[PDB]
Amino acid sequence: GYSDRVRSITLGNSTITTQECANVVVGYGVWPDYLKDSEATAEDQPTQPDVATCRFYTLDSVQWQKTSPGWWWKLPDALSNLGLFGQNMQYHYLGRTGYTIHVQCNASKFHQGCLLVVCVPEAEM
Amino acid sequence: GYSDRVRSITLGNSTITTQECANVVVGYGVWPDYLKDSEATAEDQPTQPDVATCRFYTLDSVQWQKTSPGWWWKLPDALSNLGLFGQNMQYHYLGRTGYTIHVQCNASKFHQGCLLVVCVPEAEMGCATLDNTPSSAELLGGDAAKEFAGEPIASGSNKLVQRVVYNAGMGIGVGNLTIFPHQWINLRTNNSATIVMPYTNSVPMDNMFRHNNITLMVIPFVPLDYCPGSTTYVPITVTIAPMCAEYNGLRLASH
Amino acid sequence: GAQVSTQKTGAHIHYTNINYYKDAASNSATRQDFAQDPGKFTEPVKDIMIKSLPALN
Amino acid sequence: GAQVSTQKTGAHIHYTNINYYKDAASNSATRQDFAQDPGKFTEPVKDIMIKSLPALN
Amino acid sequence: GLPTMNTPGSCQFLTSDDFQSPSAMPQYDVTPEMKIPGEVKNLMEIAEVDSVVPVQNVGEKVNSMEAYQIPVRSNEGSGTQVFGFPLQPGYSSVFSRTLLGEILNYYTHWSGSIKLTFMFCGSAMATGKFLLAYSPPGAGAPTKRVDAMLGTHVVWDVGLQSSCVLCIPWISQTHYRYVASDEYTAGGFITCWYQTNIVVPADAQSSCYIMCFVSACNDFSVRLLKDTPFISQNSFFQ
Amino acid sequence: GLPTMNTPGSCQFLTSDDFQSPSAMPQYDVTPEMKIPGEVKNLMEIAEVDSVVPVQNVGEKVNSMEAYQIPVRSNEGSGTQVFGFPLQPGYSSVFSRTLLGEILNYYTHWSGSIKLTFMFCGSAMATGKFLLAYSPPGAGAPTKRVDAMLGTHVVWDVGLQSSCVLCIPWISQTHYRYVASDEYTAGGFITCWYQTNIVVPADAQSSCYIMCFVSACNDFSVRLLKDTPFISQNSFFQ
Amino acid sequence: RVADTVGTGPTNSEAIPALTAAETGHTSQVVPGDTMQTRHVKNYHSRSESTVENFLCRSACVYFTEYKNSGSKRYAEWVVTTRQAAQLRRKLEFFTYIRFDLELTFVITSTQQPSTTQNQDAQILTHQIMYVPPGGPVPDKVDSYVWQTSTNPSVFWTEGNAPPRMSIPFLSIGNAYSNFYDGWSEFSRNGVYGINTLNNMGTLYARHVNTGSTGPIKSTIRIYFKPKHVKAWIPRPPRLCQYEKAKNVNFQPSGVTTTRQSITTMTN
Amino acid sequence: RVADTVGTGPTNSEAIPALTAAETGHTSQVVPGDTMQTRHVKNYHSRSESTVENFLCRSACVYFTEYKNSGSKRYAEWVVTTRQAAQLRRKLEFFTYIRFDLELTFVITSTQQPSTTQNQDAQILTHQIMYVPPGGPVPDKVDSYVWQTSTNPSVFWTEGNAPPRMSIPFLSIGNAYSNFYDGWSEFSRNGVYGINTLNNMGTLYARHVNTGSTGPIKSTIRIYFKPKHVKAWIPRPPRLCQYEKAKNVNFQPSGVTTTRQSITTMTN
Ligand SMILES: CCCCCCCCCCCCCCCC(=O)O
Ligand SMILES: CCCCCCCCCCCCCCCC(=O)O
């Protein structure tokens with residue numbers, strides 16, 4: 008039939024295709040879901056676009072040299088200045104969302120190396 | 008039981024209360040509704056907040072003097088710089104919405120006057136000079152009320168709009184403006200005017216920036232009068248609420 | 002396949029019509045559509061207002 | 002011996029046609045034959061290739 | 001080989017004709033229709049909408065917003081006249097530019113009732129009474145209230161309800177009347193007279209204004225379409 | 001002796017007419033039909049076939065096989081642009097000579113989706129990622145990847161499967177668009193940006209090429225047949 | 013069918029139909045019966061003439077142009093647009109959105125021009141009318157390959173018989189023929205402004221197929237528009253002020269209405 | 013009827029429709045739904061205009077010739093062949109094999125020639141059109157017995173009324189009108205090469221039945237071809253390079269397409 012190395016992901020109006028990818032890791036076994044009524048505390052009505060807010064934003068690229076120690080990103084801050092997600096989290100007081108992280112680094116058969124991609128929750132430094 | 012002069016309107020997180028108001032006029036008999044699937048043409052998925060986009064935005068107030076000719080507003084342009092409705096119609100390509108218009112002008116029992124509030128769809132306006140056409144800075148004023156003129160504008164070459172009041176700028180008898188949904192605010196009885204305009208356009212969706220469908224016009228048919236001793240500064244406020252707003256074609260910010 | 006309809010005559025006779033062209037935009041002008049609905053322009057208010065009632069109680 | 006058919010009109025009325033000449037090459041042009049089969053030019057491969065599948069496994 | 005015979009009236013170009021014609025573009029897929037609010041199906045749906053009447057068309061007043069206002073003030077007497085005009089919707093200068101008048105100037109004949117809606121635009125403390133009157137022809141116009149009282153009159157009292165309707169009925173000898181002037185089908189005269197007075201309290205203005213709208217009743221009809229004498233072109237605009 | 005009457009439009013020669021006519025050769029035995037492969041029944045069966053696009057039509061490149069190749073090399077940076085063109089199938093010089101364009105230049109209107117199939121024609125060891133983007137109008141063209149990222153974009157990874165499809169959807173205000181240029185029905189912009197890089201091993205070429213085919217989706221339509229502005233004759237060829 | 017009045021008798025009740033509130037924006041429908049006693053008169057009158065179809069379905073001449081058999085102008089060019097004739101433009105401007113099919117009749121009339129050439133032998137002139145949609149080729153000259161009309165529609169007409177006539181469907185990319193467009197072409201808001209944005213209906217050319225004689229002959233062609241199956245939306249107030257240009261609604265301010273002697277004069 | 017799109021929602025699956033293999037020679041049919049979320053929009057559009065019959069069924073002028081009432085050329089001769097007019101030839105070249113019936117209309121227009129002969133009395137000219145199949149006799153002169161047309165088809169037309177028109181069936185010894193023939197006449201491989209091998213459709217002559225007057229009159233005849241009941245096989249790529257000769261496909265090499273500023277320019 009098909010192989011497991013090929014994957015396609017569609018969200019909003021954006022698509023991501025990979026031909027040499029491993030198995031997706033889904034958090035702690037929970038797929039992101041909306042806030043249920045037996046858990047909310049704000050009595051106001053929420054706004055949910057789910058199209059403009061939810062889509063693949065591509066950030067800036069960094070160079071991997073032989074003497075690079077690593078990089079860190081903050082998910083709420085990085086997208087604060089990009090599109091309606093930035094405009095909405097800016098015009099509101101309370102926000103809630105889950106995130107899908109895709110990292111792309113391609114090299115030929117004659118290169119070598121290894122990267123660790125880890126999502127640390129509450130990373131006080 | 009109750010009386011018909013009292014009304015309350017809730018939208019999003021905003022509320023409007025009136026204690027001396029007449030009957031609401033609902034467009035041409037159609038309440039604004041979302042685009043059905045047997046009428047759409049854009050194959051993309053639309054975005055519909057319906058809370059941030061739909062709410063009562065209060066514009067700037069203008070003063071009603073004894074020699075005021077009238078004012079006009081463009082509904083897409085006026086809200087373009089106010090809140091997420093402005094941010095969304097700015098980040099998208101196609102937009103669609105209906106509007107609720109509320110005009111507030113209150114006066115005591117010793118004042119007199121009468122205003123006409125009319126929502127004119129597709130109000131193309133003639134330029135002062137026959138050869139030129141009006142410019143974008145003179146026709147629409149963002150969050151600003153462009154006033155009319157009591158006497159004819161000069162015919163010298165310019166991009167000024169013809170702001171003569173007894174022709175409404177569109178070259179018609181100001182008397183026949185009634186054909187459109189309209190309300191009368193007489194300071195003797197009415198203190199407010201409510202209008203509900205649906206989405207009136209010749210296409211399913213259109214770009215808001217290069218096309219302003221509805222043009223609210225307020226015309227003081229009977230001038231304001233009073234005797235010395237009464238307050239002379241009587242303002243006019245206009246609150247606009249979008250309804251059933253949706254968009255399509257997410258694109259990079261454009262202004 | 003003819004269509005027989007009534008003629009517009011005075012008050013107080026059938027005519028025949030056949031379509032020959034196969035474009036459906038060549039038919040004769042349909043003149044007899046005497047239907048109206050003045051509720052959209054006159055009396056367009058949201059709350060019904062009976063004739064003989066204080067319009068503002 | 003008349004032939005009654007439908008007219009091409011908008012979306013979202026019958027017309028009449030009679031043949032007078034006995035050569036069968038004088039009939040009006042048959043304009044309503046909206047049939048297609050794009051399988052000959054597009055996707056003409058011998059082995060079926062499902063859309064969402066690795067075209068070359 | 002069917003033998004026929006052409007009759008008088010062949011190979012002519014009649015303006016108001018209704019025939020069939022071969023299409024220049026065959027098999028065209030028309031763009032589908034959509035629901036657009038406010039569809040008109042008959043022009044008498046426009047004639048039944050209230051239209052502001054410029055009663056005060058005197059001199060320069062036609063070049064300002066003062067043409068639609070009728071002046072009314074606190075007088076020292078009673079029985080004087082406020083305004084008056086003939087019942088000529090398609091001809092008189094008062095009804096010529098009203099929606100009803102604009103529609104009527106396209107059709108030669110007209111019949112039905114008329115509805116004049118008067119709105120008092122004064123202060124909240126000013127009260128008054130007026131006598132609206134419609135007098136059919138036969139004599140001249142009424143000159144004093146004792147003469148217009150005998151016509152068809154409706155006393156109006158200014159109060160909470162600030163709107164009064166004067167229903168000018170259909171009293172005529174012919175089924176239809178001409179929109180152009182003709183003494184054979186004279187309309188009548190509509191006159192408004194002060195009933196008692198306009199009394200105001202202290203520190204309130206004693207000069208108020210009244211507005212008037214014209215509309216057609218459920219029984220209006222028009223006939224014999226003709227060109228309008230209002231629009232004209234010297235040359236093809238370009 | 002049937003009395004008739006000729007109507008306006010008689011004894012004329014309309015071009016796009018459909019009537020009957022007496023045959024000059026009666027009782028002709030037509031040669032029978034045979035089965036010939038590849039019968040066309042609709043012109044949109046030709047528009048749905050992939051057509052090579054000459055994206056690199058710069059200067060002299062149109063007079064060689066270098067017009068169909070898009071250059072891509074190993075860069076020292078990231079986020080640069082590879083190519084870009086407006087969505088004008090019947091007007092732009094890029095889509096004018098494509099089969100789709102040749103078909104569109106016969107009909108005034110057009111509607112439907114578009115399918116751009118990109119094929120990477122590099123070595124077997126060279127890998128890379130590209131970002132294809134379609135940005136509807138409203139603003140200018142995107143100038144940096146942070147601006148075209150917000151449109152409708154599809155990241156493409158070069159691998160075993162060497163073909164990627166970009167489905168430009170139908171996002172418009174009108175049901176149809178003009179094949180000729182008109183700002184009222186502007187199309188948009190299609191731009192391709194380097195995602196990460198094009199990395200190659202030793203002893204392999206670092207400059208590769210990409211090809212592009214254009215085709216129509218299952219929902220394409222055309223209307224209002226018109227003459228093509230491409231073919232012309234000074235005199236009757238002989 | 014027109015409604016009929018109902019008979020009524022003297023009343024004395026608190027409820028009053030005449031008194032209402034015009035500030036609500038509602039037209040008070042009052043039968044003559046409410047304000048006076050009336051008798052039962054049946055009305056057999058009809059509103060048949062008023063219907064939008066009967067009002068707009070009358071042939072009206074949009075534009076007329078001239079061409080000469082021999083001379084500088086041998087062919088005529090006209091961008092097909094309305095708003096060049098006041099009589100029809102005013103009728104169409106009544107409704108903001110209109111949607112109609114069209115019937116076109118071309119009245120072509122020739123005449124002899126004064127000259128000095130002798131021995132004239134007039135021959136039946138033939139006139140060719142061609143329609144180029146927006147984008148097609150243009151006949152830069154009276155004799156050009158474009159006049160082959162391999163795809164464009166055309167009509168040939170010899171002088172002496174009934175005038176040409178064709179039917180045209182609803183040609184618009186939108187869902188209705190917009191009559192008013194308050195916007196620009198560029199989203200920049202600078203550029204063509206007004207209804208001229210939505211006028212891309214093509215062009216119409218006409219020429220003489222054969223030179224009639226030696227002496228110069230001038231022919232004038234008039235174009236007639238006949239709306240069919242018409243639908244109208246959003247009614248609008250009538251023009252009032254005379255038109256000035258055919259690309260916009262620019263006008264010169266004019267008085268509301270003609271004046272009279274006083275406020276109580278019964279005569280104009 | 014045009015197909016309609018189907019609504020889709022966010023997906024995360026291994027199978028990927030966008031990635032395919034274009035080396036196979038297969039067109040990957042991808043609905044907009046595969047590469048982005050879409051809503052259910054019904055399409056009421058139709059492909060009626062595109063059909064081969066509606067594309068090729070429009071009258072187009074193949075050739076026009078001239079003849080004089082008195083003078084050296086009193087009759088006109090034309091070998092009936094296509095490929096003389098670019099507009100129709102280009103349309104026909106789209107399909108390698110075509111099979112259609114034909115409708116022929118002859119627009120004959122006369123004109124007076126300048127002369128010195130006085131006392132001219134013009135009379136209704138009559139025009140005779142004759143078709144000689146391949147093999148028949150040829151009218152070496154305007155007045156000849158061949159014009160009796162005891163078997164050949166012919167049409168007589170007086171000037172002043174509607175133009176002539178006839179319908180012609182599918183005349184071919186094969187099973188289809190070949191548009192391209194890559195071969196020679198002789199099996200020797202030396203001789204006529206190309207499509208001119210399969211062009212033996214006859215000849216068409218035309219003459220004036222009666223001398224109109226004393227003064228010279230020139231008449232020009234135009235021939236119009238109208239394909240009916242058309243069938244097309246083996247689609248072909250469009251011409252691109254302008255035609256040069258009417259007996260072959262000889263051409264001058266031309267650039268693929270018009271150029272622009274750079275590879276990232278959005279304007280021509
Ligand atoms: C021989 C020529 C035949 C075809 C001529 C067609 C010319 C008219 C084209 C359609 C115009 C319809 C009206 C557009 C203007 C408007 O709606 O205001
Ligand atoms: C009065 C004359 C009537 C008959 C005239 C017949 C002339 C046409 C003969 C058939 C030609 C068909 C087309 C052949 C060329 C082609 O297929 O490319």
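Heads up: the sequence lines are chains B, B', D, D', C, C', A and A', in that order. A prime marks a further copy of an entry chain. In terms of the entry's author numbering, the first sequence opens at residue 8 and continues consecutively. In terms of the entry's author numbering, the second sequence opens at residue 8 and continues consecutively. Using the entry's author numbering, the letters of the third sequence correspond one by one to residues 2 to 13, 25 to 69. Using the entry's author numbering, the letters of the fourth sequence correspond one by one to residues 2 to 13, 25 to 69. In terms of the entry's author numbering, the fifth sequence opens at residue 1 and continues consecutively. In terms of the entry's author numbering, the sixth sequence opens at residue 1 and continues consecutively. In terms of the entry's author numbering, the seventh sequence opens at residue 13 and continues consecutively. In terms of the entry's author numbering, the eighth sequence opens at residue 13 and continues consecutively. Even for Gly, the Cβ is constructed at its ideal location relative to N, Cα and C.
query = So which residues on chain B' does D:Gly11 lean against when the C-beta distance must stay under 8 angstroms?
reply = Position 10 of the third sequence, counted from the start, is the residue given in the question as residue 11 of chain D. The premise fails here: D:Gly11 is roughly 33 angstroms from chain B' at the closest Cβ pair, so nothing lies under 8 angstroms.
key: DSSP bridge partner residues for A':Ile233 (one or two, in chain order)   = Counting from 1 along the eighth sequence, the entry for residue 233 of chain A' is found at position 221. Answer is A':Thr77, A':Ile120, bridged to A':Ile233.
ask   = In terms of residues, what are the limits of the beta strand (DSSP E) holding A':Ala88?
value = In the eighth sequence, counting from the first residue as 1, residue 88 of chain A' sits at position 76. Element bounds for A':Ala88: 87–91.
request  = Answer with yes or no whether the minimum CB distance from C':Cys212 to chain B is below 8 angstroms.
outcome  = The residue you call residue 212 of chain C' lines up with position 212 of the sixth sequence. Not closer than 8 angstroms to any Cβ of chain B, the Cβ of C':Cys212 fails to qualify, so no.
message = For a quick check, are the C-beta atoms of A':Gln132 and A:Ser225 less than 8 angstroms apart?
response = Stepping through the eighth sequence from its first residue, residue 132 of chain A' is reached at position 120. Stepping through the seventh sequence from its first residue, residue 225 of chain A is reached at position 213. No, the Cβ-Cβ distance between A':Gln132 and A:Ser225 is not below 8 angstroms.
task = Report yes if the C-beta of D':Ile62 is less than 7 angstroms from at least one heavy atom of ligand 2; otherwise report no.
result = The sequence position of residue 62 of chain D' within the fourth sequence is 50, counting from 1. Result no, Cβ not under 7 angstroms from ligand 2.
Backbone CA spacing between A':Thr276 and C':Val82 [nearest angstrom] = Position 264 of the eighth sequence, counting from 1, holds the residue named residue 276 of chain A'. Position 82 of the sixth sequence, counting from 1, holds the residue named residue 82 of chain C'. Distance between the alpha carbons of A':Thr276 and C':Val82: 8 angstroms.
ask   = Considering only C-alpha positions, which residue in the set A':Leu116, A':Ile136, A':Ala134 is nearest to A':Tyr143?
value = The count along the eighth sequence starts at 1 and reaches residue 143 of chain A' at position 131. For the residues A':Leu116, A':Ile136, A':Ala134, the minimum Cα distance to A':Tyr143 belongs to A':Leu116.
task = May I ask you to verify whether the region 175–189 of chain A touches the region 115–134 of chain B', counting CB pairs closer than 8 angstroms and requiring at least 3?
result = As far as the Cβ criterion goes, the region 175–189 of chain A does not touch the region 115–134 of chain B', which means the pair count is below three.
inquiry  = For C':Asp203 and B:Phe63, I'd like the C-alpha separation in whole angstroms.
reply    = Residue numbering aside, residue 203 of chain C' sits at position 203 when the sixth sequence is read from its first letter. Residue numbering aside, residue 63 of chain B sits at position 56 when the first sequence is read from its first letter. Computed Cα separation, rounded: 36 angstroms.
query = Quick one, which residues of the region 38–49 of chain A are near chain C if we go by CB-CB under 8 angstroms, in chain order?
reply = Hits within the stretch, in order: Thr39, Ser40, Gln41, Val42, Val43, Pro44, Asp46, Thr47, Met48.
query = In three-state terms, what does DSSP make of A:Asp113?
reply = In the seventh sequence, counting from the first residue as 1, residue 113 of chain A sits at position 101. Three-state result, A:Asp113: strand.
task = Kindly list, in the order they appear in chain A, the residues whose Cβ is closer than 7 angstroms to that of C:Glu102.
result = Numbered from its first residue, the fifth sequence carries residue 102 of chain C at position 102. Neighbours of C:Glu102 on chain A, chain order: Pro250.
inquiry  = For ligand 1, I want to know if A:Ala88 counts as a neighbour, meaning its beta carbon is within less than 7 angstroms of at least one of the ligand's heavy atoms.
reply    = Looking up residue 88 of chain A in the seventh sequence gives position 76. It does not: the Cβ of A:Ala88 is nowhere closer than 7 angstroms to a heavy atom of ligand 1.
inquiry  = At a cut-off of 7 angstroms, would you count A:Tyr143 as near ligand 1, judging by its Cβ distance to the nearest heavy atom?
reply    = If you number the seventh sequence from 1, residue 143 of chain A lands on position 131. Yes, Cβ of A:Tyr143 sits closer than 7 angstroms to a heavy atom of ligand 1.
ask   = By Cβ distance, which residues of its chain are closer than 8 angstroms to B':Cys234, with the 5 residues on each side in sequence left out?
value = For the purposes of this step, residue 234 of chain B' is taken as residue 227 along the second sequence, with counting starting at 1. If we look at B':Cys234 and ignore the five residues flanking it on each side, its Cβ neighbours are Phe117.
task = Could you spell out where the beta strand (DSSP E) holding B':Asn255 opens and where it closes?
result = On the second sequence, position 248 is the one that residue 255 of chain B' refers to. It spans 242–255 - the beta strand (DSSP E) in which B':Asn255 sits, taken as one unbroken run.
request  = Under 7 angstroms between beta-carbons, which chain B' residues line up against B:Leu86? List them in chain order, please.
outcome  = As a working note, residue 86 of chain B is residue 79 in the first sequence. Within 7 angstroms Cβ-Cβ: nothing; B:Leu86 doesn't reach chain B', min ~14 angstroms.
ask   = For D:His13, which of A:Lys54, A:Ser62, A:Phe118 has the nearest alpha-carbon?
value = Numbered from 1 along the third sequence, position 12 holds the residue referred to as residue 13 of chain D. Minimum Cα distance to D:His13 is reached at A:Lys54.
ask   = Buried or exposed: C:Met5, going by 16 or more other Cβ atoms within 10 Å of its Cβ?
value = Translated into the one-based positions of the fifth sequence, residue 5 of chain C becomes position 5. Result: exposed.
message = Could you tell me the alpha carbon to alpha carbon distance between B':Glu154 and B':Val229, rounded to whole angstroms?
response = The count along the second sequence starts at 1 and reaches residue 154 of chain B' at position 147. The count along the second sequence starts at 1 and reaches residue 229 of chain B' at position 222. In a straight line, the C-alpha of B':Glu154 is about 17 angstroms away from that of B':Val229.
ask   = Nearest CA to the CA of C:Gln238: which residue from A:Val91, A:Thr36, A:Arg234?
value = To locate residue 238 of chain C, count along the fifth sequence from 1; it is residue 238. For the residues A:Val91, A:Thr36, A:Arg234, the minimum Cα distance to C:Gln238 belongs to A:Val91.
query = What residues in its chain sit with their C-beta under 8 angstroms from that of A':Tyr109, if we drop five residues either side in the sequence?
reply = Walking along the eighth sequence from the start, residue 109 of chain A' turns up at place 97. In chain order, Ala188, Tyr189, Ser190, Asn191, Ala244, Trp245, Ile246 place their CB closer than 8 angstroms to the CB of A':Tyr109, counting only its own chain and leaving out the 5 sequence neighbours on each side.
request  = Tell me, please, whether the CB atom of A:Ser225 is closer than 8 angstroms to any CB atom in chain A'?
outcome  = Locating residue 225 of chain A in the seventh sequence gives position 213, counting from the first residue. Judged by the 8 angstroms Cβ criterion, A:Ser225 is in contact with chain A'.
inquiry  = For B':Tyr98, report the span of its alpha helix (DSSP H) as first-last.
reply    = As a working note, residue 98 of chain B' is residue 91 in the second sequence. Taken as a continuous stretch (DSSP letters only), the alpha helix (DSSP H) holding B':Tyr98 covers 90–98.
inquiry  = Which residues in chain A' have a C-beta closer than 9 angstroms to the C-beta of A:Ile229? List them in chain order.
reply    = As a first step, residue 229 of chain A is located in the seventh sequence; it is residue number 217 there, counting from the start. By Cβ distance, chain A' contributes nothing, its closest Cβ being about 11 angstroms from A:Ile229, past 9 angstroms.
ask   = Which residues mark the beginning and the end of the beta strand (DSSP E) in which C':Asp157 is found?
value = Here residue 157 of chain C' refers to the residue found at position 157 when the sixth sequence is read from its first residue. Start and end: 152–157.
query = With a cut-off of 8 angstroms, does the C-beta of B':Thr25 fall near any C-beta of chain D?
reply = Locating residue 25 of chain B' in the second sequence gives position 18, where the first residue counts as 1. It does not; no Cβ of chain D falls within 8 angstroms.
ask   = Looking at B':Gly36 and D:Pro66, is the spacing between their C-beta atoms short of 8 angstroms?
value = What you label residue 66 of chain D is simply residue 54 of the third sequence in a count that begins at 1. What you label residue 36 of chain B' is simply residue 29 of the second sequence in a count that begins at 1. Going by C-beta atoms, D:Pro66 is not nearer than 8 angstroms to B':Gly36.
task = Report the residue from B':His262, B':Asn30, B':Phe92, B':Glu129 whose alpha carbon sits nearest the alpha carbon of B':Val58.
result = As a position in the second sequence, residue 58 of chain B' is number 51, starting the count at 1. Selected option, being the one with the closest Cα: B':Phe92.
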